[PDB]
Each structure stands twice: as structure tokens, then as C-alpha cells.
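Participant: Chains as they are written, first to last, in the deposited numbering: chain SP0, 30 to 146; chain SF0, 4 to 195; chain SS0, 7 to 150; chain SZ0, 35 to 110; chain ST0, 2 to 143; chain MD1, 1 to 151; chain SDD, 1 to 65.
Ideal Cβ placement from N, Cα and C applies to all residues, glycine included.
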Amino acid sequence: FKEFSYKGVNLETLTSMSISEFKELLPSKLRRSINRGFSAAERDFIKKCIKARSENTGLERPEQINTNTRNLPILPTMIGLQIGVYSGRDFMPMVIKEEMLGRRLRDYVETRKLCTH
Amino acid sequence: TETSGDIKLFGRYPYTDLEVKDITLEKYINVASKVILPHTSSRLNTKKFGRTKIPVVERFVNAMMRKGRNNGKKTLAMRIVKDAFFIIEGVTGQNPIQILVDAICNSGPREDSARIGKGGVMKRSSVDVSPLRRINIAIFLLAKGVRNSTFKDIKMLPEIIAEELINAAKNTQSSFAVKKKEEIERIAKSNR
Amino acid sequence: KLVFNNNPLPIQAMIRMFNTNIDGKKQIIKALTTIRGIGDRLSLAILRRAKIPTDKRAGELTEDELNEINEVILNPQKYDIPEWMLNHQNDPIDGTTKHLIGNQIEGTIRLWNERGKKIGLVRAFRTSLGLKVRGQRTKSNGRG
Amino acid sequence: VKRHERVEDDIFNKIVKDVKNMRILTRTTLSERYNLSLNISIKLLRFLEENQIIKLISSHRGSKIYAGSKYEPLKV
Amino acid sequence: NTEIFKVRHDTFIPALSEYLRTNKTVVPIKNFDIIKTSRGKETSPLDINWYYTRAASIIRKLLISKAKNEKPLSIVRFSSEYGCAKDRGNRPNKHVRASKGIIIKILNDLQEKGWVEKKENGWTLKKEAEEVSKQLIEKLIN
Amino acid sequence: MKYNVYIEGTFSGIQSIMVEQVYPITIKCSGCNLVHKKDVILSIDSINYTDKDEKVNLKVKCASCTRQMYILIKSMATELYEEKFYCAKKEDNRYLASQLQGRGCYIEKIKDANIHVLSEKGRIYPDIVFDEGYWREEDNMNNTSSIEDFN
Amino acid sequence: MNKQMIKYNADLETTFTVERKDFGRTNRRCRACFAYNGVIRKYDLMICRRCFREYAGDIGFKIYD
RNA sequence: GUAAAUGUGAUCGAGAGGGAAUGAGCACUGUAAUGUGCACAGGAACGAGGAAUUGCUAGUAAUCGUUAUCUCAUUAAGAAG
Ligand SMILES: [Zn+2]
Numbered sequence: 030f031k032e033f034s035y036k037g038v039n040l041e042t043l044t045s046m047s048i049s050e051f052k053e054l055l056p057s058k059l060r061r062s063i064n065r066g067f068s069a070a071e072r073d074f075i076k077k078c079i080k081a082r083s084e085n086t087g088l089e090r091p092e093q094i095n096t097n098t099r100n101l102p103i104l105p106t107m108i109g110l111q112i113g114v115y116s117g118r119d120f121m122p123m124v125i126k127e128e129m130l131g132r133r134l135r136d137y138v139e140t141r142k143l144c145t146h
Numbered sequence: 004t005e006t007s008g009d010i011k012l013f014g015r016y017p018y019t020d021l022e023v024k025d026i027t028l029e030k031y032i033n034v035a036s037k038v039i040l041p042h043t044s045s046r047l048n049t050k051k052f053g054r055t056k057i058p059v060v061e062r063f064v065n066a067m068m069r070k071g072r073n074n075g076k077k078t079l080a081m082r083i084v085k086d087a088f089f090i091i092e093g094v095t096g097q098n099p100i101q102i103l104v105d106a107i108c109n110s111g112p113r114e115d116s117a118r119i120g121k122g123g124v125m126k127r128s129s130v131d132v133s134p135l136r137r138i139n140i141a142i143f144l145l146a147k148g149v150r151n152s153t154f155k156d157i158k159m160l161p162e163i164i165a166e167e168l169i170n171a172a173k174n175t176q177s178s179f180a181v182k183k184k185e186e187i188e189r190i191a192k193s194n195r
Numbered sequence: 007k008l009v010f011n012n013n014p015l016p017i018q019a020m021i022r023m024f025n026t027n028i029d030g031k032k033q034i035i036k037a038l039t040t041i042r043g044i045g046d047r048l049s050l051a052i053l054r055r056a057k058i059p060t061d062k063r064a065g066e067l068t069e070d071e072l073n074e075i076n077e078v079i080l081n082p083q084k085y086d087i088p089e090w091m092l093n094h095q096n097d098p099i100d101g102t103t104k105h106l107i108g109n110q111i112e113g114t115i116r117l118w119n120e121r122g123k124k125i126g127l128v129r130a131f132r133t134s135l136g137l138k139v140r141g142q143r144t145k146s147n148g149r150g
Numbered sequence: 035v036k037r038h039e040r041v042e043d044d045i046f047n048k049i050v051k052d053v054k055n056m057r058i059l060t061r062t063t064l065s066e067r068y069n070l071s072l073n074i075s076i077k078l079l080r081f082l083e084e085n086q087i088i089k090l091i092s093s094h095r096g097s098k099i100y101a102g103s104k105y106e107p108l109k110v
Numbered sequence: 002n003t004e005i006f007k008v009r010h011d012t013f014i015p016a017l018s019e020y021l022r023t024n025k026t027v028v029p030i031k032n033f034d035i036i037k038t039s040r041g042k043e044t045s046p047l048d049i050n051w052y053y054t055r056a057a058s059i060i061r062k063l064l065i066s067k068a069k070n071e072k073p074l075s076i077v078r079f080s081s082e083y084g085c086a087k088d089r090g091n092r093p094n095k096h097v098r099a100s101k102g103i104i105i106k107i108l109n110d111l112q113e114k115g116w117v118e119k120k121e122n123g124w125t126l127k128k129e130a131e132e133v134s135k136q137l138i139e140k141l142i143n
Numbered sequence: 001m002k003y004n005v006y007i008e009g010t011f012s013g014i015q016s017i018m019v020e021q022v023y024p025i026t027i028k029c030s031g032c033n034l035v036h037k038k039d040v041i042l043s044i045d046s047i048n049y050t051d052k053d054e055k056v057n058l059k060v061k062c063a064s065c066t067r068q069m070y071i072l073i074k075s076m077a078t079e080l081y082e083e084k085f086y087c088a089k090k091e092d093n094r095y096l097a098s099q100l101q102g103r104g105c106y107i108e109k110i111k112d113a114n115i116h117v118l119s120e121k122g123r124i125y126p127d128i129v130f131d132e133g134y135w136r137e138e139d140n141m142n143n144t145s146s147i148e149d150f151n
Numbered sequence: 001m002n003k004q005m006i007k008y009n010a011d012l013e014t015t016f017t018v019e020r021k022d023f024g025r026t027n028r029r030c031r032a033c034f035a036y037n038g039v040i041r042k043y044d045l046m047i048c049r050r051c052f053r054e055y056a057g058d059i060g061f062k063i064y065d
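1. Would you check whether ligand 1 has a heavy atom nearer than 7 Å to the C-beta of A66 (chain SF0)?
2. For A35 (chain SDD), verify whether its CB is less than 7 Å away from any heavy atom of ligand 2.
3. With DSSP run on the structure shown, which of helix, strand or coil describes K147 (chain SF0)?
4. By the criterion of Cβ-Cβ separation under 8 Å, what are the contact partners of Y115 (chain SP0) in chain SS0?
5. Any Cβ of chain ST0 within less than 8 Å of the Cβ of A51 (chain SS0)?
6. If contact is defined by three or more beta carbon pairs under 8 Å, each pair taking one atom from either stretch, is the region 99-113 of chain ST0 in contact with the region 58-67 of chain MD1?
7. If you measure beta-carbon to beta-carbon, which residues of the region 65-92 of chain SS0 are closer than 9 Å to chain SP0?
8. Using beta-carbon positions only, say whether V130 (chain SF0) and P112 (chain SF0) come within less than 8 Å of one another.
9. Looking at chain SF0, which residues of the region 38-69 of chain SZ0 have a Cβ within less than 8 Å of any of its Cβ atoms?
10. Is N91 (chain ST0) buried or exposed, if buried means 16 or more other CB atoms sit within 10 Å of its CB?
11. Measuring from the CB of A81 (chain SP0), is there a heavy atom of ligand 1 at a distance below 7 Å?
12. Considering only the alpha carbon of each residue, which of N70 (chain ST0), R89 (chain ST0), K72 (chain ST0) and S58 (chain ST0) lies closest to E82 (chain ST0)?
13. What separation, rounded to the nearest whole angstrom, lies between the Cα atoms of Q97 (chain SF0) and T19 (chain SF0)?
14. Who pairs with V35 (chain MD1) in a beta bridge, going by DSSP?
15. Say yes only if the C-beta of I47 (chain SDD) is nearer than 7 Å to one or more non-hydrogen atoms of ligand 1, and no if none qualify.
16. Which of the residues in the region 88-109 of chain SZ0, read from start to end, lie with their CB under 9 Å from any CB of chain SF0?
17. For residue 149 (chain SP0), which three-state DSSP category applies?
18. Name the residues in the region 1-13 of chain SDD whose C-beta lies less than 8 Å from a C-beta of chain SP0; which are they?
19. Return the Cβ separation of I52 (chain SS0) and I79 (chain SS0) in integer angstroms, given the expectation that the two are a contact with Cβ distance under 8 Å.
20. May I ask whether a heavy atom of ligand 1 can be found less than 7 Å away from the beta carbon of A56 (chain SDD)?
21. So which residues on chain SDD does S68 (chain SP0) lean against when the C-beta distance must stay under 7 Å?
22. Less than 7 Å between the CB of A32 (chain SDD) and some heavy atom of ligand 1, yes or no?
23. In the region 77-90 of chain SP0, which residues sit with their C-beta less than 8 Å from some C-beta in chain SDD, listed in chain order?
24. Residues of chain SS0 with a CB under 9 Å from the CB of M129 (chain SP0): which are they?
25. Flag this pair as touching only if the region 34-49 of chain SS0 and the region 103-122 of chain SS0 have three or more C-beta atom pairs under 8 Å; answer yes or no.
26. What does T44 (chain ST0) touch in chain SS0 if you count any residue whose Cβ is under 9 Å from its own?
27. For the beta strand (DSSP E) containing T10 (chain MD1), list its first residue and its last residue.
28. How many whole angstroms separate the CB atoms of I49 (chain ST0) and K106 (chain ST0), which I take to be in contact at a CB cut-off of 8 Å?
29. List, in chain order, every chain SP0 residue whose beta-carbon is nearer than 7 Å to that of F16 (chain SDD).
30. Counting along the chain, where does the alpha helix (DSSP H) carrying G113 (chain SS0) start and finish?
31. Please list, in chain order, the chain SDD residues whose beta carbon lies closer than 9 Å to that of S34 (chain SP0).
32. In three-state terms, what does DSSP make of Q4 (chain SDD)?
33. Report yes if the C-beta of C51 (chain SDD) is less than 7 Å from at least one heavy atom of ligand 1; otherwise report no.
34. Is the separation between the beta-carbon of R20 (chain SDD) and that of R28 (chain SDD) shorter than 8 Å?
35. Rounded to whole angstroms, what's the CA-CA distance from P17 (chain SF0) to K11 (chain SF0)? Just pull it up for me.
Here's what the structure looks like:
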């Protein structure tokens, strides 16, 4: 069975690419967000992800990273991490699997409970 | 371009020697006023019998701007009737104008139904129509017959105009307008 | 005696292209709008690269003309139809662009939606329940 | 039954015999008497007006009208 | 004299179109057979030679502009001249311009043949393009 | 005036006929004898009142003589099947669905009625459609249900 | 005030500054009453429809027709 | 982004009317897309509307566009002309 792939690129290569390179793969609206540069908040989130993937060893899980950076597109640097995304009320936890690339963190969390009359 | 003579309708038709041929109608049908194109803006509607002085084919094109969507499209109406006159002049062999005159003469109902009872219940009775109302209804019926006939039928609208007008002038059962004139007169008689 | 010499050819009732049936009497343009993935606009594009007169009826076409069109459908990018004219652009699974025909459309939309659902993409969950996903308001209209 | 996309030889023959003694004729007549579609009533009618069998008497926008051998106009 | 007004447009635009094609003075845009003239249009043109009818009508716009001594014509002016009413679903129809790319290509083709001269505020005719038109009309009316 | 609504025909494999108490009807004014220009929907669930506060299912003013016209449905159903369906009362070779009570009008025609069939095997056939007065269904056990000569 | 924000490029190491555009209700408060709704912005007035009608005759507006 | 209905010629031929839900994209405004534009698809109800009910007497009613008018970074299927 074949390795995971996003828009032609293997996870081995994809996890080694700079954000500048990854930008050539993403959809148009996500590209425009990376071209217009990261906020001071987003930079701290990303530096923690890079630290965490490096620091974690063995079989023990790294601690959760929380964020209110809802519009950030998912990057190959936060694969396998547990991340809490703010729902307007609480940090809703999720694990960033490979299949989430090309989407924003807001796409995986509901700010409004489903309705059943 | 085509002519340097006297005024003819669509520059084609004679505009003379025209007879009404019902003395009850005479004063109310304008075939006098020589006009090259059935269009005038003459502001007679703001008057007591001014809508009886508008020329005949004018009254006849106004009747076409209907079914809602065609309001205001008076050029389109002129285009349509122009063609119909070619079909009719050919078919009949006589001034399209005398076909139109005779269509009106036959298609107006002479007796009608109305409520008369005032000081109690309203009971229906026959009544007698005026000259002016008689011709107003004739145009209405000729128009309504044409419109509804063409709706979802493959035939061209100018052709349907020629079918109805000939028949009406000839007083045949074939006309929608003529049949419905018989119906109204029969019901009027039933309530006599 | 005089002869007409402007008549269409002896015509077949209906013909088969794409596991789809095409009414032979129908003029080639609106007739190729029977196959899924051939809309109006793209139907005219193919016919002017296969080079068939638009005014012939579907049952007049030879085997040769039907092969010419069949070839252009399997590979539009060979006959200079540019990628911005085609159904499936920058395919997430392949990188390439391709034109999906017939039952390939539903199959591809299904395998795509199913993958999103397996990982909890909110967009795919809504389409499965019959709800809207392009920001439309759902209070007043779209009932039952 | 639906309309047709040919004028076969025996329909063609009898139309020539029928178009004489008719007065004004139009796209609809060929398509409502015989079984021809509008797209093949145009082509046949245009052919007969090149052959001098019929004559055109109007062609204003798409509205188009023809005459056969027993037409006769008004006279002054 | 203002010689252009002596003949009918629906005889002149078809007449010049043949003189263009038989000398190849303008060359079709890539994919002319499948492109639309505007985002307001529903389908691509019914005549394969639409590009030449554009070229024939562009020189007519310029001849009459020259006849009336107007200011030179701009790429924006031509785009509004050829505009139309776009269909928008469930909404009123709206006026939209022609696409510039066709017009730019025609004007650059005509520049290379010496038929059209670029001014600081628009495009203008040249002696050869005037005389072709003159010599056509002198046969066409007779 | 009182009108009984019967369902008539030849019935085979049928336990019960159920009828929606919703009738498209043609009505005639009993004052001026003019037919109402359109059919009117008479429904059992439509609640109206006479000028004397009596419940009726239809209240219509005659356009010609201004007279009020009223119709009441009396369901002749013996039972409600699934609390929804009015079981028409079997009477010999026919089914009595309802009684229509007209005041100030005549009922000239009932156009259609939505009919449901309960088979002798306990299967429901909702909203049955007649072709030329015939309806027939077969179950997975080869039991036939049919209505012939429907009126 | 024209406020400024820092943003990082894709490297998350180089920084640049961008300016926040002044738009929306936040700076267009009624000059008579601080209201945020029904502000007439025409002719460089910045006055709400309630306040306008009491002062209109002092400013010099009239109802001619 | 400087009318549209409309005028002439071609074309299409009775769900080639209609554009709703949805796919992989390509751009724009913005601090942020969730908003808007574009291309290719996809192709739902609806075939002239029950009981009732609302204006309108002449350049009026209805039709057709347009707003260097108001809202307005971007957004009119709203008002006021
Ligand atoms: Zn205020």
C-alpha cells in the first residue's frame, strides 16, 4: 500500500518543506493568507509546534497546545500533535492527521451545536 | 421612396370610398382621418367622446398590447398588423379596411343581460346596448379570440389575425368573436 | 425530372456512445448534452476540433465521426482544449487535470465526500444530511 | 406521431402538384398538413422559390410569406 | 468629403471583411473558435470569421470618428461600444463591457500593417487605411 | 341538500378502502343557478362558520348574486386506521366514504378523491392511482389486490 | 488614529508592518449625540437623522417642495 | 463601470425555458473569509396558483434599464430619485 500524498508530494518530503514551498500546493484563499504574513499570535503557535515535534521522544505523548488562531491553515509541522482550538467557549481538542492538509483549523470545530426539535 | 402621391395606409391602401353599412354605428367609426402610420399621440382621452374620434386601425393596434408582458410595445403591434393586412388584402381581394369594418359590424351584441331591481333583490333582465358600447365590445372579442388562439400553437400570430377577421366579416360560425356574440344574445333572450 | 439535392442522409433512430443513448434525429449540439460531463459550452468546443458540421443530426454521423468525437473526449488536452475548460482541475490525489465522463462524476464525488466524513470534515457531514454548505440561510426557504 | 426530417420522393412529387392552386402559403402549412419539421419546411420552401414554382411576397425579420399559381392582387 | 456615410453599414462591414481575409491583415487570437466576446454572452459566435467582422467594424468606428472630428478612440471606448446585457440568475439583467484582449490584438495587428497610429490619448487612422476604404466605396455604390 | 360519496367498483383482495376527506368539487349556486367559476377544495380539516356560528367545512360567496354557500363534510368512517385514514363504511358491494351537506348550493361534481387500500394481508397501498378505472398490485407472496370499474 | 500591526512571513523569522484601515461605525459617531446608527455622512455632515431635523433650520436647510 | 428594453440579419425548435443543492480549482477586498468575481461541470421545484385579498383615471397603471443618491474596505434582490 502506498504512502500518504498531498497534491503529488509524499509525507517524507512534505514534512521537510519550508512554509514558503508548501504555499505552492494549497488552495487560492489559503495561499493569500500566507502571502500576507503571519500575526504575532500565529508565530508563537508555530514555534511551539516546531519545538514540540523536536522535543517529544519515546512513547509518551507531548502536552496539548492551545490556540485562538482559528483561520490558520494546517501545516505539515503540526502532524501527529494534539492541539486545542478555541470554539468561542472552550479549547476543543483534536489530533492533526495527514488528511487534514489544505483546510483551516476552523473547518474541524463547531461553534454552534446541531439542532434537533 | 415608394410614392409621391396622396396619403395611403402603410403607403399601400386606398383610403377612400368606405361605407359603414349600419346606420346605428355611423357617427362612432372614424374612417375619415388620413394617416400614413397607425400612430398618434393626440390627447383625446381627457374628453367626453374623444375616444370615439381616434382612427379605426389605431383602436385596433391598442387592443394588442396585452397579456401583461407586452404593455407599452406599440411598435410591435404595428409590425404585427402590417403583415396581417398583407395576408388579408391577398386572401379577401378587397381593401383590408372593409374587412375590418365588417368584422366590427357583425361582432357587437345588440341585446345584453343586466340587474334592474333597485328597491329589493337584484333580478336579472334583458337590456338594450348603446351604439358606443356595441363597438367597444366588438374590438374586445376580436382581440380576446386572437390572443388565446395563438398561445401554444405553432402558427404565426399575423396569420391568426387574418383567419379571424375574414370569417368575422363574413358572419361565419368559424369566428370565436361571432360565436360569443350569439351566446350573449341567447342568454339575454332567456332572461327576457 | 428535377431533384432536390439538399436532403439529409437516411437516418438511424438512436445510437450508443458512453453507455448513453443519443436520439438520432437531434442536432449534434443539444444531443451531446445527453452524456454527463458534456455541457453546452464544451459540446461546441469538441465538435470544432473533431471538425464536424454543427447542423448534421446525430443519426447521420458515420462510425468515423463518432470515433473522432470519442477520441477527443478521452483526451481533450491532446487536441488543444485548455485545462480551464475541463471538469477536474489540479486533482488533490494526482496533481494532474482530467475530464470526468459519465458515471465517473458520481463515483469521484462519493469517494471524496466519504474521505472527509471518515476524518470528520464538517462540510461532508452537512451534504449527507441534506443541509446547505455555501452560506445560504435555512430559516425561510428550502423546506421539505 | 412526431414530425419528420426528410422529404421523401413521393411526398416531394405530390407537394409540387399541391402547391399550384393554393394562394398564400407559409412555413406552417407544409408542417401542419404534411408531417415535416420547421427546419425542413424552410429548406423545401426556399428551394421552390429558386425554381420559380412559388414566389416570395414578404420577408420582414424572420416572418416570411409566399404565393402559388392562383394568387391575384388588388387593382387600382 | 465625409464619403463613408454614402453607403449602408450592413453592406460595408461584410464587404471589407473579404478584403481583410484574402490579404490576412489581421490574425486570429489563439482559441478564437471557442472563446466568447464577453462574459455577458451566452455562447461563442455562430460565424467562424467573427474576428474579421470585428476588424471591419473597428475601422468603421474610426472612419466615422474621423468624419465627425471627435477626440481619438480609447480601448475603454471600444469596450463599451460592443457591450451588452448580462444574464444573472434570479436578478435583473445588467450592462457589461466587451473583452479587451480581442480589441488589443486587432489594434496591434493594424499597427504593424501601418493602418492605425497610436496617439498619447487614443488610436487614429493612417493614409493607406483611409484610401482602401475610399477605393472600395467608389465601386460599391455603382 | 345531502350527497353520499360512494366508492363503487369490483374489489378483490381488499380488507378496507380509506379515503382522504379532501374533495375537489364543482358547486352551483341554488339562488342564481350559476356554477362557481373554479373548483373548490372541500376538506374535513377546513374550519369555517355560518353567520349563525354553525361549523362548516366550506364557506363561499356567490360572485353573481352575493348569496352565501356552505358545505359540511360528515365522515361516515367507522374507524380511523393509524389515527390518519378514514376507513370508508362497507355497504354491500360499495364503500360509503362521507356525506356532504350543502346549503345555498348544489354539488355538481366530485372530481377526484385520494384513496388508500388496506389488503386482506394487512398491507397498505397509499395514494393509489387508477388507470382507465383499474388498479392492481401483487405482494411478495403472490397475493393480488385489485379494484376494477372504479367510480 | 491609524494603528499598525506586525505580521510574520512564511519563514516565521522575518517581520513586516501593515496599517489598519479606518472603516465601519467605530469612528463615525454622531457629532451631536455620539450615536452609531442613522448617521448622515453626506456633505461632510456626521449627524444622525434625529439630530438633523432639530438643527436643519439653524444650519440653513428648508423644505421647498 | 457611460443604458436597457430596442433595430436588421442569421441561428435553435416545444422542458436547447429554468438555474436551486453540490465538486477539484483560478483570482480580488480585507487585520482576518465565513463575503464577492471568474472558468468547468452539475443540473431541484415550477407547465400560470384554494378560501380570501391590495393599489390604480393619462404621460397615470404596467414594462425596461440606470444611479458622480442613501447605506458602502468588500457586500443591494432595500428605500429615495
Ligand atoms: Zn444625533
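Facilitator: Quick look at the numbers:
1. Taking the second sequence and counting its residues from 1, the one referred to as residue 66 (chain SF0) is at position 63. Not so, every heavy atom of ligand 1 lies at least 7 Å from the Cβ.
2. By its list of ligands, the structure shown excludes ligand 2, since it contains just ligand 1.
3. Counted from its first residue, the second sequence places residue 147 (chain SF0) at position 144. Note: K147 (chain SF0) maps to helix in three-state DSSP.
4. The sequence position of residue 115 (chain SP0) within the first sequence is 86, counting from 1. Neighbours of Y115 (chain SP0) on chain SS0: none; closest Cβ ~16 Å, over 8 Å.
5. By one-based count along the third sequence, residue 51 (chain SS0) stands at place 45. Yes, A51 (chain SS0) counts as interfacial toward chain ST0.
6. no
7. none
8. Residue mapping note: residue 130 (chain SF0) aligns to position 127 of the second sequence, counting from 1. Residue mapping note: residue 112 (chain SF0) aligns to position 109 of the second sequence, counting from 1. Annotated as distal: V130 (chain SF0) and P112 (chain SF0), with beta-carbon spacing of 8 Å or more.
9. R57, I58, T60, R61, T62, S65 and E66
10. Here residue 91 (chain ST0) refers to the residue found at position 90 when the fifth sequence is read from its first residue. Counting Cβ neighbours within 10 Å, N91 (chain ST0) comes out exposed, since fewer than 16 surround it.
11. Translated into positions along the first sequence, residue 81 (chain SP0) becomes position 52. No, Cβ of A81 (chain SP0) sits at least 7 Å from all heavy atoms of ligand 1.
12. Stepping through the fifth sequence from its first residue, residue 82 (chain ST0) is reached at position 81. The shortest C-alpha separation from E82 (chain ST0) is found at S58 (chain ST0).
13. Along the second sequence, read from residue 1 onward, the residue named residue 97 (chain SF0) stands at position 94. Along the second sequence, read from residue 1 onward, the residue named residue 19 (chain SF0) stands at position 16. Going by the C-alpha atoms only, they are around 12 Å apart.
14. Mapped onto the sixth sequence, residue 35 (chain MD1) falls at position 35. According to DSSP, which records beta bridges pairwise, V35 (chain MD1) is partnered with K28 (chain MD1).
15. Locating residue 47 (chain SDD) in the seventh sequence gives position 47, where the first residue counts as 1. Under cutoff, so the answer is yes.
16. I91, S92, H94, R95, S97, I99, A101, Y105, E106, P107 and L108
17. The structure shown does not extend to residue 149 (chain SP0), since chain SP0 is modelled only from 30 to 146, so the question has no answer here.
18. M5, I6, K7, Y8, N9, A10, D11 and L12
19. Translated into positions along the third sequence, residue 52 (chain SS0) becomes position 46. Translated into positions along the third sequence, residue 79 (chain SS0) becomes position 73. Beta-carbon to beta-carbon, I52 (chain SS0) and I79 (chain SS0) are separated by about 7 Å, close enough to satisfy the 8 Å threshold.
20. Residue 56 (chain SDD) sits at position 56 when you count from the first residue of the seventh sequence. It does not: the Cβ of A56 (chain SDD) is nowhere closer than 7 Å to a heavy atom of ligand 1.
21. Indexing the first sequence from 1 puts residue 68 (chain SP0) at position 39. Per Cβ cutoff of 7 Å: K7.
22. Translated into the one-based positions of the seventh sequence, residue 32 (chain SDD) becomes position 32. Within the cutoff, so yes.
23. none
24. The residue given as residue 129 (chain SP0) occupies position 100 in the first sequence. Simply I125 and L127.
25. yes
26. What you label residue 44 (chain ST0) is simply residue 43 of the fifth sequence in a count that begins at 1. In chain order: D46, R47 and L50.
27. Counting from 1 along the sixth sequence, the entry for residue 10 (chain MD1) is found at position 10. Note, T10 (chain MD1): beta strand (DSSP E), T10 to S12.
28. For the purposes of this step, residue 49 (chain ST0) is taken as the residue at position 48 of the fifth sequence. For the purposes of this step, residue 106 (chain ST0) is taken as the residue at position 105 of the fifth sequence. With a beta-carbon spacing of about 17 Å, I49 (chain ST0) and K106 (chain ST0) fall beyond the 8 Å limit used to define contacts.
29. On the seventh sequence, position 16 is the one that residue 16 (chain SDD) refers to. Those within 7 Å of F16 (chain SDD) in chain SP0 are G66.
30. Numbered from its first residue, the third sequence carries residue 113 (chain SS0) at position 107. The continuous alpha helix (DSSP H) containing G113 (chain SS0) extends over residues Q110 to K124.
31. Position 5 of the first sequence, counting from 1, holds the residue named residue 34 (chain SP0). What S34 (chain SP0) touches in chain SDD: nothing, since even the nearest Cβ is about 22 Å away.
32. Reading the seventh sequence from its first residue, position 4 is the one you call residue 4 (chain SDD). Three-state DSSP puts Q4 (chain SDD) in a strand.
33. To locate residue 51 (chain SDD), count along the seventh sequence from 1; it is residue 51. Yes - ligand 1 has a heavy atom lying nearer than 7 Å to the Cβ of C51 (chain SDD).
34. Residue 20 (chain SDD) sits at position 20 when you count from the first residue of the seventh sequence. Residue 28 (chain SDD) sits at position 28 when you count from the first residue of the seventh sequence. Not a contact, by the Cβ cut-off of 8 Å.
35. Mapped onto the second sequence, residue 17 (chain SF0) falls at position 14. Mapped onto the second sequence, residue 11 (chain SF0) falls at position 8. Rounded to whole angstroms, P17 (chain SF0) to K11 (chain SF0) spans 6 Å at the Cα level.
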